[PDB]
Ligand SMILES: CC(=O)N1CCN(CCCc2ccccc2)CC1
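Listed next as structure tokens is one chain, alone, in the form deposited without the named molecule.
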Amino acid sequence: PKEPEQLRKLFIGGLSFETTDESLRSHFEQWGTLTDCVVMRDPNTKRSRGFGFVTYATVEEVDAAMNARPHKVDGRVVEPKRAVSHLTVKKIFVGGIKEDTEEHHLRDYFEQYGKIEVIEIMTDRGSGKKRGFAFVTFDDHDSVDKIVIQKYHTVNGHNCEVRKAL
């Protein structure tokens, strides 16, 4: 069946106050079927709150929209982010990699989530031995958001624990 609706949503910040449900939909329908699309407004004045959300039919459509950033909607570059599972970071902790996992193992796996800028395999300050964890820094937060919602990460045969790093 369908992926959970929460994983199909994009929170769009930085909207022009002139953006409407209809203009937000017309824009974001370029990357998939929208089952929902709302501009948040004040309950009394109806003036835009400057943000809204869109819900796609599939996760692949969310990916397509994110890959099409930057989005200029009604003349203003907006800020789409996947729904919270927002702590917006570009770096992950990767644990459980033991002593045999190398840079290329992490690169070959994680490069399919986003563009990697730094891989830091952690070693012991005294002995230089690998400590069994690493940090990966990407050029953009959506890579991290995609990573941390997965139930599982398998790298170099290890089932890894992956979390946002700050």
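Start at 1 and count along the sequence shown; that's the residue number.
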> Between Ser85 and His86, how many deposited residues lack coordinates (none, 1 to 3, 4 to 9, 10 or more)?
Replying inline: 4 to 9
> Comparing 107 to 115 with 58 to 66, where is the mean C-alpha B-factor higher?
Replying inline: 107 to 115
> Out of 44 to 52 and 95 to 103, which stretch has the higher average CA B-factor listed in the record?
Replying inline: 95 to 103
> For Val38, does the deposited CA B-factor place it in the lowest, middle or highest third of the chain?
Replying inline: middle
>> Considering every modelled residue of the chain and its Cα B-factor in the PDB entry, is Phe135 in the lowest, middle or highest third?
In response: middle
> Taking the entry's C-alpha B-factors for this chain, is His141 in the lowest, middle or highest third?
Replying inline: lowest
> Mind checking which third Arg25 falls in for C-alpha B-factor across the chain?
Replying inline: lowest
> Should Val148 be placed in the lowest, middle or highest third of its chain by the C-alpha B factor in the entry?
Replying inline: middle
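Omitted here: the form deposited with the named molecule bound. The next part is about that form.
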>> Open or blocked: after superimposing the binding-site C-alphas and transferring the named molecule from its position in the entry with it bound, do three or more ligand atoms sit within 2.4 angstroms of any backbone or C-beta atom?
In response: blocked
>> Can you work out whether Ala57 and the named molecule are in contact in the entry with it bound, taking contact to mean some heavy atom pair no more than 4.5 Å apart?
In response: no
>> At 4.5 Å, heavy atom to heavy atom, what parts of 7 to 23 sit next to the named molecule in the entry with it bound? List them in sequence order, or say none.
In response: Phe11
